[PDB]
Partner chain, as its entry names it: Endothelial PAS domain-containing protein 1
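The data below hold one chain only, encoded as structure tokens and taken in the form solved without its partner chain.
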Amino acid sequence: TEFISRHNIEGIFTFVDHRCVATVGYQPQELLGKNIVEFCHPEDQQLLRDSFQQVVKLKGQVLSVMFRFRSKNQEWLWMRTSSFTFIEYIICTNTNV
């Protein structure tokens, strides 16, 4: 019920594995090239941006933010993304609860 995503500094999907379809319903092609914020609930959207602003200054540290994800079937999913940085790219582990 989780998938490994790989973003840049702004949060654009640069890589998504095959397990997204099972976890959110979207296909890798449907996620690639778009920001994760676009899929984030507007109510807790700023929070996602705040978490992403932090992983950048905290080079190497691991962070954890939980937010709502818009599934493919237009339904909200609480997603726990535990992300960190490598700056080259950002690795995210998006877990479904």
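Positions refer to the first chain, counted from 1.
In terms of unmodelled positions of the deposited sequence, the chain runs continuously from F15 to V16 in this entry. Relative to its counterpart among 27-35 and 54-62, 54-62 has the higher mean temperature factor, C-alpha atoms as listed in the PDB entry. When the modelled residues of the chain are ordered by C-alpha B-factor, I90 sits in the middle third. Per the PDB record, residue ranking by Cα B-factor puts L47 in the highest third of the chain. Looking at the C-alpha B-factors along this chain, the one for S5 belongs to the lowest third. Residue-level temperature factors show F84 in the lowest third of its chain, judged at the C-alpha atom.
Below: the form deposited with its partner chain bound, not depicted.
When its partner chain is considered in the deposited bound form, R68 lies well away from it, no heavy atom lying within 4.5 Å. Remark: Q53 does not count among the residues lining its partner chain in the deposited bound form, judged by a heavy atom distance of 4.5 Å or less. Shown without its partner, the chain has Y26, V37, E38, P42 in segment 16-42 as residues with a non-hydrogen atom within 4.5 angstroms of its partner chain in the deposited bound form.
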